[PDB]
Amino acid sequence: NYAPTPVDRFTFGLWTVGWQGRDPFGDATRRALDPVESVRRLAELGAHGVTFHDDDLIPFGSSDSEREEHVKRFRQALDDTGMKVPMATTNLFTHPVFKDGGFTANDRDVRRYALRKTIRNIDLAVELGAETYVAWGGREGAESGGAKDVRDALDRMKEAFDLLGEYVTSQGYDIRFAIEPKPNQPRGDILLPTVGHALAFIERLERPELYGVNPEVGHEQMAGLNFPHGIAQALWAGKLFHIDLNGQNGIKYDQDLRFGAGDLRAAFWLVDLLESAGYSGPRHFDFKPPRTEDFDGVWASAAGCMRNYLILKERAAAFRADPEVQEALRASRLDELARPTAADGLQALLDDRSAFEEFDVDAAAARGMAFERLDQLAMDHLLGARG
């Protein structure tokens, strides 16, 4: 049951199942995986595709001949399996040169290098067929207040993204960018810390249509925010270009648990929203099998990501299709929420005594919302406990 197929568009970063287990306090617990291995194993589980940072696919500092051979082997694995590469990204965080940032490093020479490193990988992403190019500015930020003038940093961040937009336009590429917010870690505070901040920033770019967000479940939850709500705002803005799925237990370091772990009910409401809205992008997992696991546990954890999505999809669909739930949604006036407040226009509203002088506030206030019965129907559907 719940068997994923490539139809489901489940994708995984090479760095997810390939995470060797080094953490702030601990050495690696697993050997490095050859990307070819990961492609073949993920395909066997029913994944649709993989994603990569430049330096996951091509060791940093590789010669041109080494680069070609790494890409050739990877492409053979993709061809052997039918796996796709819908998204790629740049590693602008691991190498010590990026310790104060890539695009917003105080040192101008580093900012220029970061751009050149990204541009090289955009070309590769396009060659591999990627539709989306993600940017996670994990080093953009500060541990202290004097270290980073945020207005200046936002100017530099806009300059960088504008140059990248000029680049893809000039090359006729169809790829689009997706900015991945995170509130903190590894920097004390990261610039563009939430979906909202990233959406707002995009509106100030020179070609805003080329940029959207890549929200990650656990990152919004590191600020204690409601991930489904943030996804709804991104969808409302037309900016949900990609998504990172995982689990998180609240306000902690970024745990990258398998999807469905962490906040299970938020996972349910997320899947309900994505499916109801017809989100058509990859269902991408940015997760880490815990370092307690051997490779069998790696593949079990990856399989669990997809399984949990599919269980939740089934339960959310059953919730929405249940005539009792539809009745409860009407009892709670969800239908009214979807209707304009004043399609009659401002003057009609101002002239409408039913909206003021003759509005019976106490009668209105007496009406219960019936939200608890609705939510218990949702719980019963999630748990398969209807009756």
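All residue numbers refer to positions in the sequence shown, first residue = 1.
- Stretches 123-131 and 246-254 differ in mean C-alpha B factor, with the higher average recorded for 123-131.
- Stretches 361-369 and 12-20 differ in mean C-alpha B factor, with the higher average recorded for 361-369.
- Each of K148, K288, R73, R156 has a CA temperature factor in the record; the biggest one is found at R73.
- When the C-alpha B factors of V50, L334, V325, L349 are read from the deposited coordinates, the top value falls at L349.
- In the deposited entry, the Cα temperature factor of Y173 sits in the top third of values across the chain's modelled residues.
- Placement of the Cα temperature factor of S301 within the chain: middle third of the modelled residues, per the deposited record.
- The entry lists a Cα temperature factor for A277 that places it in the highest third of the chain's modelled residues.
- In this PDB entry, the Cα temperature factor of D79 sits in the top third of its chain's modelled residues, the highest group.
- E293: CA B factor lies in the lowest third for its chain, per the PDB record.
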